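Before any questions on binding or motion, here is one chain by itself as structure tokens, the form deposited in one PDB entry.
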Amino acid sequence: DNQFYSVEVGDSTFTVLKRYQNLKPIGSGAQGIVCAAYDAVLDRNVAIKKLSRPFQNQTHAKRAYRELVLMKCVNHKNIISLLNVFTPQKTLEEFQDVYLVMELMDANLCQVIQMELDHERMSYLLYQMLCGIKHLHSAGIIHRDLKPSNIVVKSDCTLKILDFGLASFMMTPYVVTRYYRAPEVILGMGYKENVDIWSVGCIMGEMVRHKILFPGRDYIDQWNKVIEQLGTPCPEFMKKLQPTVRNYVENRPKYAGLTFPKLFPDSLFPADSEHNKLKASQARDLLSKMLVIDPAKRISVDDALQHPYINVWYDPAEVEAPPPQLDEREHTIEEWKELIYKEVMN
């Protein structure tokens, strides 16, 4: 008569509540494996993520605690909803894993990118991406690490964001994606709201070109790709770089920089229609404003939402929603356990 049960999913063991049946591994990230499942109580499918020993290290603990907290207080339509949280362990001493049960989407953005999208769907997706980033910002949150994988969508094309970004040693087997990070992040410069716009621009560009814009083994290569395409940033920008960094970027082989109609030609945009020819120019325009190295010259979230390519989905009921301690600390794996544990069970 145990409230839980166990099943082997892939390699790890998922121990979940009885209400959740027929588990199917729908994915795997860095902080856990995610299975889809049916919730006999709510009569619907859901996604369950297992946080195995989230307190094993500050990187994982900080991430877990933070996500657990913000996912319970924040409430938006474009930010994955938290249905239920639980732990098969009965006490703080036995405590080991944390199961996050959420609503089940249909696919990853990485999958959507691998396909041609009409201006209607491409713009609607970008609108939701910005609609949410809008809320996250109003909630005092600035992602700074948005990427295709952390964004999920349904078939009806509705879009939702999974995590809340950063706030860092990781002795693990798998890498981290840096392709969609902003220059101020790649070079460390201090950021602001529009630091996420850079990520959105990296995605929109990939939704079109169908290939990762600025790929790279290290930030060395990544920054190279940034200039090889956009060109070397104006001298007004370099005087904001750390003297040690400035000395590195300035003394780097220059570039004139390709124009946008070059980077994103019409071959990538479906402009067989008089209506498509227009939207294609508009899309190419929002891109030329989002993919701007200089933060001071980059388009804000609010402007990108007033852009003719996006505004065609506006609605004061969606974007305009009411926003809600200081979870940016430093403890030990035994404290983090206590913190996370008590957070799990209110």
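All residue numbers refer to positions in the sequence shown, first residue = 1. Here, rigid core means the biggest group of C-alpha atoms that superpose within 1.5 Å across both forms.
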item: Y174 dropped from a third or more of the other entries of this protein; value: yes
item: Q325 dropped from a third or more of the other entries of this protein; value: yes
item: Between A167 and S168 - deposited residues without coordinates, as a size class; value: 4 to 9
item: Unmodelled deposited residues flanked by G10 on one side and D11 on the other; value: none
item: Stretch exceeding the other in mean C-alpha B-factor - 270 to 278, 141 to 149; value: 270 to 278
item: Per the entry, higher mean C-alpha B factor between 199 to 207 and 74 to 82; value: 74 to 82
item: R217, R181, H135, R121, ranked by C-alpha B-factor: the highest one; value: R217
item: Top Cα B factor in the deposited entry, candidates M105, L258, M102, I113; value: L258
item: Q31 - Cα temperature factor, lowest/middle/highest third of chain; value: highest
item: Ranked C-alpha temperature factor of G231 among modelled chain residues, by third; value: middle
item: For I186, the third of its chain into which the C-alpha B factor falls; value: middle
item: Entry-reported Cα temperature factor of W223, expressed as the chain third it lands in; value: middle
item: Modelled-residue ranking by C-alpha temperature factor, third containing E67; value: highest
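The form solved in complex with a partner chain exists for this protein as well; it is not shown, and the discussion that follows is about that form.
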item: One residue of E318, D294, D285, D303 in contact with its partner chain, assessed in the deposited bound form (non-hydrogen atom, 4.5 angstroms); value: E318
item: Heavy atom within 4.5 Å of its partner chain in the deposited bound form - residue from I220, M115, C73, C234; value: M115
item: 4.5 Å heavy atom contact, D266 to its partner chain in the deposited bound form; value: no
item: Partner contact for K154 in the deposited bound form: its partner chain, 4.5 angstroms, heavy atom; value: yes
item: Contact label in the deposited bound form: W313 to its partner chain, heavy atom within 4.5 Å; value: yes
item: Partner proximity in the deposited bound form: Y127 to its partner chain, non-hydrogen atom cutoff 4.5 Å; value: yes
item: Segment that reaches its partner chain in the deposited bound form - one of 192 to 200, 255 to 263, 208 to 216, 106 to 114, heavy atoms within 4.5 Å; value: 106 to 114
item: Listed options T158, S138, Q89, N224; Cα moving by 2 angstroms or more between this form and the one not shown (core superposition); value: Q89
item: Flag for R63, CA shift 2 Å or larger between this form and the one not shown after aligning core; value: yes
item: Is_shifted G32 between this form and the one not shown (CA, 2 Å cut-off, rigid core); value: yes
item: Core-aligned C-alpha movement of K49 between this form and the one not shown, 2 Å or more; value: yes
